[PDB]
Structure formats: structure tokens, C-alpha cells
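The sequence lines fix the lettering, A, B, ..., with proteins before strands; numbering per chain opens at 1. Atom set for the values below is all heavy atoms of this structure, side chains included, hydrogens, waters and symmetry mates excluded.
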Amino acid sequence: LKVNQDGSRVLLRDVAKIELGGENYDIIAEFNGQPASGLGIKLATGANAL
Amino acid sequence: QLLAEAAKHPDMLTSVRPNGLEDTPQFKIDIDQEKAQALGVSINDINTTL
């Protein structure tokens, strides 16, 4: 991100924590109290559910 | 591995080949961001020129 007059280098690790995390943390799902995910599937109009 | 295994069965399968191109040499250019910043040249300008 920056180079100082001292000659040191400012890296993205210095000013922030880089993580692999959900795009948004709004929804969290549990199955019988255990962490879980899932897909809620809504049928298309005029389609057979079976 | 699958192609070799198929070739090991001449009496059942014939001319089992890939329908695609093999890997080829490519010219890789490693642009040093630190050097570009030090010399006052923007990465965007370098990439656009190239």
C-alpha cells in the first residue's frame, strides 16, 4: 500500500486482517443445534413438484 | 491415466483420444509492484501499455 521514507514497506497485512469468510454474515443455520447450511428450493411457476 | 487404461484394452475400445489441446509454452511477465512504485510508474499504466 505504501513505501515509507525509512525504506520500510506497508503491506495489507499491516493495516488489516485478511481472512476467508462469508460474503455476508446475515444468515446462520443450525440443524439440531449443530452448525449447518442448506438450500431452500422454491418451485418454478407451472412446474411439477414431484 | 484414463487414456492409458483405455489404450490397455485394444479389443474393446478404439482410438480413445482427447478432444482438446495440450499445454503449451507461455511467456510469463512478473511485474514487481515494489519496483514500479519506487520508480513512480503506475501498475495501471504498465498493464495498459503492455
Residues 11-26 of chain B, side-chain donor-acceptor partners within the protein, below 3.5 Å, at least two apart:
{"unit_1": "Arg17(B)", "atom_1": "NH1", "unit_2": "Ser15(B)", "atom_2": "O", "d": "2.6"}

Rest of the hydrophobic cluster containing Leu1(A) (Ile/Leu/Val/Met/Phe/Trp/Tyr, side-chain heavy atoms under 4.5 Å)?
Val10(A), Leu12(A), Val15(A), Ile18(A)
State the OG-NZ distance between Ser8(A) and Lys2(A), to the nearest 0.5 angstrom.
9.0 Å
Compile the donor-acceptor pairs under 3.5 Å between side chains in residues 32-46 of chain A and protein atoms, sequence neighbours left out, one pair per line.
none

Sequence neighbours left out, what pairs pass salt bridge (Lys or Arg N to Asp or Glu O under 4.0 Å) with at least one residue falling in residues 34-45 of chain B?
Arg9(A)-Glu34(B)
Residues, nucleotides or ligands: over 12 heavy atoms within 6.0 Å of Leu3(B) CG
yes
For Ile43(B), the other hydrophobic cluster members (4.5 Å side-chain criterion, sorted by chain and number) are none
Do the side chain of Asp14(A) and the main chain of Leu11(A) share a donor and acceptor less than 3.5 angstrom apart?
yes
ILVMFWY clustering at 4.5 Å (side-chain atoms), partners of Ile46(B):
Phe27(B), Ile29(B), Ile31(B), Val41(B), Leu50(B)
